[PDB]
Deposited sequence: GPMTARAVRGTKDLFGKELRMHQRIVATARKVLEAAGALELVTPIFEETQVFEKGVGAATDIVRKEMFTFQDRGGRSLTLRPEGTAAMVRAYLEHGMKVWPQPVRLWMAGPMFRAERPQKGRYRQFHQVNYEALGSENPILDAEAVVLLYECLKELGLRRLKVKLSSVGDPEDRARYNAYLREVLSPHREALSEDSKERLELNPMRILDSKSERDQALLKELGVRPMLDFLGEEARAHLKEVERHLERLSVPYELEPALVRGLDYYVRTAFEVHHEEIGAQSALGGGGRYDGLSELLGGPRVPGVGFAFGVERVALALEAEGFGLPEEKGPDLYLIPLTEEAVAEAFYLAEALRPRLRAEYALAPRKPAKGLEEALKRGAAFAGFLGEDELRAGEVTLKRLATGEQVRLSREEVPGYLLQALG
């Protein structure tokens, strides 16, 4: 009567194998670029994540938070282990569970899995271009075609302040034309209005001729973006240039980017990232510029199935033993143990009629069926059937492992 809580699922079979293949490919791609793997704890002190989440208190009274994102934790790792003394920039990657408290729907859960990449210790645009390329290439190496790379810039703080003051200035005399959500947004989060799903809002934005965030980038942010774009253009990486890519937290600066896939539901963002500056100071350290991305293993799985990529059928045991009598069971056990783990060998735990056991072996997709009846037990032998060719040989036990080794090579 006890169930996994809402927003969390168990993982096994093809789906788990799916996740594993994805993470393996990420490991390969990122480590080819010299990234170093990191694993941070599942919870951190609350302070590191407050800059909607699972928060509690240990007996010591300290407020802890179940990890909602990777980036901040990896910067904390940068600080704690004195990575400032390593050759900069330092590239880190991590794959693991993340926890958020929003209502589920397709591709959005309360416990999900993320792959994260961070390049820390440098402001160079080449790093940004590289991050985009690495995300793109993880997804590509999986096999995915049909992806949309979105690129933009949130600018430096002054720029975003300008854009907000401007959005407010323009939209305030027409607030009654706005839907409720957009009114609430106008009060504090005006750039969210730009992404509104309300048709009337988009219409009003159109007719008021609202300028993009692009037009509000200062000289520095703009030149930086031009360098990034230049690099992506050299590497022939196509990307949609976006009017704006709204980032919530205001330690994000300059480059912002996302990668989308069709189907897989409304939440079409496979992964996203960008540049940040100010994060490590809120963590109590000095100035460490960063650029990095995170993507969702689940949504990538969804995308992979959407494009028809499946997994090669799961390999079955090399030998499946079928005991015909009561006392044979144990013997099978013993025999199986003699063969493991060099071979994969399984056995039935109760006496089976030979046909039923043969069937249970075919169902599990075994290469060999073993028969142990009173004949075999009496001669200290086993019967061996190669299921692919229907061949059958009767062997002494002590000559069996040499047989299977030579047969399965």
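Taken in order along the deposited sequence, the stretches absent from the coordinates are 1-3, 55-65.
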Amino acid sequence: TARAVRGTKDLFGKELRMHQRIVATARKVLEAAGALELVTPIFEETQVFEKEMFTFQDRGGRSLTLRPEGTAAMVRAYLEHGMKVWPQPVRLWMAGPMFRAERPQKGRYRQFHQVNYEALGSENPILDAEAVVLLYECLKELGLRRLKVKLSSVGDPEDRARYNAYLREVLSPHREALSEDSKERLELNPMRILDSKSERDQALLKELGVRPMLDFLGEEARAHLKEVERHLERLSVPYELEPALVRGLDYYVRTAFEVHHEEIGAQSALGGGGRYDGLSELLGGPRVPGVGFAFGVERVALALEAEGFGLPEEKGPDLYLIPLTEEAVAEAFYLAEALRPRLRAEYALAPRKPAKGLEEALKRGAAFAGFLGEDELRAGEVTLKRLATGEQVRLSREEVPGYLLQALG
From here on, numbers count along this sequence of modelled residues.
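Comparing the deposited coordinates for 118-126 and 187-195, the stretch with the larger average C-alpha B-factor is 187-195. When 169-177 is weighed against 206-214, 169-177 comes out higher, by mean CA B-factor as recorded in the entry. Of the candidates 67, 344, 28, 363, the PDB record gives 363 the highest C-alpha temperature factor.
Looking at 337, 262, 298, 233, the one whose CA carries the top B-factor in the deposited record is 262.
Among the modelled residues of its chain, residue 387 has a C-alpha B-factor that falls in the highest third according to the deposited record. Per-chain ranking of the deposited C-alpha B factor places residue 280 in the middle third. Ranked within its chain, residue 163 lands in the middle third, by CA B factor from the PDB record. In the PDB entry, a CA B factor belonging to the highest third of its chain's modelled residues is recorded for residue 182. Annotation for residue 99: CA B-factor lies in the lowest third of the chain's modelled residues.
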